[PDB]
Each structure stands twice: as structure tokens, then as C-alpha cells.
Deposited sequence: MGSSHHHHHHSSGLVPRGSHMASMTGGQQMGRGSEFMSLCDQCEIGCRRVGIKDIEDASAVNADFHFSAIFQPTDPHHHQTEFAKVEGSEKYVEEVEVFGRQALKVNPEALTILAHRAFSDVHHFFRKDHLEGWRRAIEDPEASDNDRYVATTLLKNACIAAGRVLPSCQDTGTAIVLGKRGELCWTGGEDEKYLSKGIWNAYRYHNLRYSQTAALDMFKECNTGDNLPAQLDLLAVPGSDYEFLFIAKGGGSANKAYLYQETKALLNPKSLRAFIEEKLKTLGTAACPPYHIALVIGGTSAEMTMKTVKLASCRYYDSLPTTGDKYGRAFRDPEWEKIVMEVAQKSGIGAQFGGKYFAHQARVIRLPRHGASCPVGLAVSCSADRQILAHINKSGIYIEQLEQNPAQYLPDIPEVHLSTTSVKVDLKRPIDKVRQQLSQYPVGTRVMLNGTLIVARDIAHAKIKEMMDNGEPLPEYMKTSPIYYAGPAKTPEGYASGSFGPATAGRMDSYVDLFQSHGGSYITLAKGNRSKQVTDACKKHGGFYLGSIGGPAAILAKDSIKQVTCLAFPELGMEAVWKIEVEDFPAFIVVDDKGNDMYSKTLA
């Protein structure tokens, strides 16, 4: 009567559909042995350091085929909007620059996540986390990446760890004698667009589920640099299991799951509802960041079993910095997923805005144009993101003035990666605007932040503030951090709060920096139709 049924039964559990390259000479790190009649594998733990180092280096310079194919699809589709094609062309040209192996594809080189599966008879000596962390440390220390991890000294006092550690190290015990891996360099913006909903049986019918999808996709907005890989998980044995599953689905880790359920509750991919998600995504008009058809590359929908009283649902995306690498260690050595090293093969007006003027003259020029106008910025940007905004608000709460540097120039919400030797700037694209929304009305009321520059749709309070104080929000393209650094950024200087690392206040000189007028000084918002 008892029948064991694993929840996840991929038909390709070892990811044979993926192309791997062997690390040259890496068979010296492994030795196949036989113990008590069973095949086992001795692994020098230095293999873990070597593997993690290469994985978290390569992944910042190359992309998978299904990601690149999506950008080309947005360029070639007659139904794509002009903005769709402009964004996709820009991201692909960004990928070409990143493939030069100097500049990472995004300034947000992400959190280092390791999903590892160590076989019962795979013997590393047991210090896997230290050796994996050293390889990750090497990758972020010795390459032009970014230190993004924020340590809590107490509940509220924070500092940058200075090395992009700690990593998320999920090491599982599995059958066999191999060691299998998924490495993820997970950007903060798309990590923030991982959502958990606690729903009920009332959701589980065609009309309700379709309306639910239409509603929740809109809450993703453009804040995580679409086109998205959209993952949706219906059900699950706990909230944390639902959210792990939707993360892995967004990495296409579960693509070989069955497509039908059974009486034992096995997980399955639902291609019919993937099609509906894609139909909703396309018909939404949200587009590849600035209106159109290419809100989404593709969709993954996984249906899970559930406690009768429960229906957790997970929604998550992979962003333009779509960065994951499969790997495994076996008797022949270290194998790492082969990414596309020639993205160029996928490759098939605007208003000049002089920033080198009094800020009021820039505001006057911007006021002459409607939202949706493509602009090109030339001059000085002041760079400030989450922590700098919080420190400045705190200064003003203690009676100090809004600093002079918040009043002279557009505010670019951004944090750079490290500068390559002989380069003017490391990768330096925008951060998500919505996280600074609570500061806009306050700062504008105190004579600054009249012009902000970032990516993503913003809340109504920012539209209201810009109308009240004569402000503007400019939307940069999201994602193309390498080409912005190579072509547009000419000088970079740390202005204030240097202890914050990448979150310091910066002063940068910029030429031909593209952006769209998203919010004007009249109550208009170019996302008000598609995202409201």
C-alpha cells in the first residue's frame, strides 16, 4: 500500500541537456575509489574553490542561448514596439561588451548563491562551505565585480563586508558519488521581485487564476529590468519550499519536470498556463521596460501539492542580468556549463539635454516635453542610493541642510562595480527608483532632488511630488551597465560617505546618457496606462 513518490521527478535530473566544458587538468583533483563494495569519489576540496571561482567569473560576461534568443526575438518581431527593439538592442550590445571579459554585464554583480548536491559517497573532507566561499571570494576580489553584501553590526548599524561575502550555501545530501551544482549570481533588484502570496481553494479555478495572474504581474512593473523570465509556483508544502521552487523555476532548473500530475502529488510544469502567463505578459502593454510586447522572455509555471488548508503561491523573475551556471564534479574532473561567448551573432530621435547649466534651466527644458520623450544627458550626475538617502534624511531631521550636492545636478540612483585598470569607470547602470520614493517629496520640499535618474516605475507619491515642486523622474535603460560605463561615463569621483563602498555619494561626468522622461512636472507618468 505504501508507495514513495518524490515531489520533483525531472526527466533530466543531471541536466544532460546542458553543454559543459571540463576544466583542463582537473582530473587531478578527483580519484574514484571502491569502499565496502560501492563506488566512491575522493574530491580535493581545492576543486570547490577552483569551480566557484570560475563560475562566479564567467557568469558575469556571458549569457545562455534562451536569454539571448529572447532579445533577438524582441528585435525581429514586427509586433514589438520601437521601445522594445531599442531596449533589446541596447542589452545585446551591452552583452557584447561584457563578453570582452573586463566589464561585468551589470554593476550589480549579485549575491553569490550555491545550490550543491553532494552524493553520499562523494568525499570532500567536509569543509565545502569554506572552500566554496574562498572561490567566491577570489572571483569578487580579483575581478572587476562589486562588493554588495551589507553586514548588520546591530539591528540598524550596518557596514559593507568588503568582499561580497557571505554567500548563500545550500548544500544537499543526495545519492551517488558525484557533486552537482547550480551557481546563481542573483541581482538585488530581481531578488526583490520574489513574492509570496497566501491564497485558498477559491483561487483554484480558471477565471480566478487568470485574474490573479493579470493583477500580480503588474506589481512586478519594470523595476527588475525586463524582459523577464517569469516563474509562477502554485502550491507547495511550505512558504519556504514554494519560494525555493519559484527561484529554481526562474533559473529553468525544473524545465524537464513532467507535465501532468498524479494521485501521489508529484510536481509538474503546466505548459497551458505558461502560455496564459505569456499571453497576459504580452497583452499587458508593459513591454521591454518602456511599453510594448516584450514584458517577458518566457514563463515557467509549476504546480505543487498542498496541505488542504493551504495554498502558497510564489512569483519571481530572472532579470536582464540572467546569471546562473550549472556544474558538476565527477570521476573525470570539474565540468562547468558552457555559456554563449559570441553574443554578437544574435544582433540583427532624441532630445539633447545639457546638464552643465543651473538646475532650473534644465528643469525648464525638460518641462517642454511630454512623458515618453527619449533624452540624452550630457554633464554632471550626482550619484546616491539607499543608504545615502537615509543618512541625508537623518541629517535634515537633526536640523542640518540638504547638502549642496543634492541641489546642483540630477540624482542618479546607482552604485558602481570596481574600475578596471586604465578604465574611466567600472560597470555603472541604474538601481531601482521605487526604493527611494519615500525621500522625493521631502527632498524636493527642501530644495533638491528635482531631477532623479534611475529605472523602474515609481509610486503615486513621486508623481504628486514632481507636480507639486516642478520635478522630473528620468528612466534610464535598466541593465546595460557595461556599455554605459564604456561609452557614457567619463569621470568618476567619490564625493561623500566613502565608508559606504559602492553606496557612497559619487560625482560623475557623463556624455550621451540615454533616458526617457517617465514622470514630468505636470502629474503625468508614462506607466500610468500599463501599470495602473
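Got a list of the deposited-sequence ranges with no coordinates?
Absent from the structure are positions 1 to 63, 412 to 420.
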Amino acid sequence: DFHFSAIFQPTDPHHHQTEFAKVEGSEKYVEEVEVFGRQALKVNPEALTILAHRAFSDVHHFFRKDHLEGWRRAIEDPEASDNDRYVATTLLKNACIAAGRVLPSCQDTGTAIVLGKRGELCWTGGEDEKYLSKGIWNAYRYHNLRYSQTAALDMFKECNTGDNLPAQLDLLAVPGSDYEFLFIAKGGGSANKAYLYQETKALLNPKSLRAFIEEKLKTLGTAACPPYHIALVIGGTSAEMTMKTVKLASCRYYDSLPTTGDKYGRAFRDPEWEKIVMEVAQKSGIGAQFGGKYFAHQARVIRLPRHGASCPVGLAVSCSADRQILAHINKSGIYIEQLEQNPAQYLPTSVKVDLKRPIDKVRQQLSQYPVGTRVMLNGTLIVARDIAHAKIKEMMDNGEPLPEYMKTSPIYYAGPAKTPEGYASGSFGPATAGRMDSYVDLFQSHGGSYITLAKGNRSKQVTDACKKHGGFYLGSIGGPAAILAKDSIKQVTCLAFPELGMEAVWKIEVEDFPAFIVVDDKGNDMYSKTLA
From here on, numbers count along this sequence of modelled residues.
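Report the stretch with the higher mean CA temperature factor, choosing between 416 to 424 and 133 to 141 on the basis of the entry.
Comparing 416 to 424 with 133 to 141, the higher average CA B-factor belongs to 416 to 424.
Would you mind comparing 153 to 161 and 337 to 345 for me and telling me which has the higher average C-alpha temperature factor in the entry?
Between 337 to 345 and 153 to 161, it is 337 to 345 that shows the higher mean C-alpha B-factor.
So if I compare the CA B-factors in the entry for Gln461, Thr90, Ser310, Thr260, which one is the largest?
Highest CA B-factor of the listed options: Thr260.
Looking at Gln168, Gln365, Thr237, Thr245, which has the highest Cα B-factor in the entry?
The listed residue with the largest C-alpha B-factor is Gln365.
By the recorded C-alpha temperature factor, relative to the other modelled residues in its chain, which third is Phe472 in?
Bottom third by C-alpha B-factor.
Split into thirds by Cα B-factor across the chain's modelled residues, where does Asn205 land: lowest, middle or highest?
Its C-alpha B-factor, which the entry lists for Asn205, ranks in the highest third among residues of this chain.
For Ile483, return the chain-relative third of its C-alpha B-factor as stated in the PDB record: lowest, middle or highest.
Answer is middle: the recorded C-alpha B-factor places it there.
Third of chain Cα B-factors occupied by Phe62
Its C-alpha B-factor belongs to the middle third of this chain's values.
Sorting the chain's modelled residues by C-alpha B-factor, tell me whether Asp82 ends up in the lowest, middle or highest third.
Its C-alpha B-factor belongs to the highest third of this chain's values.
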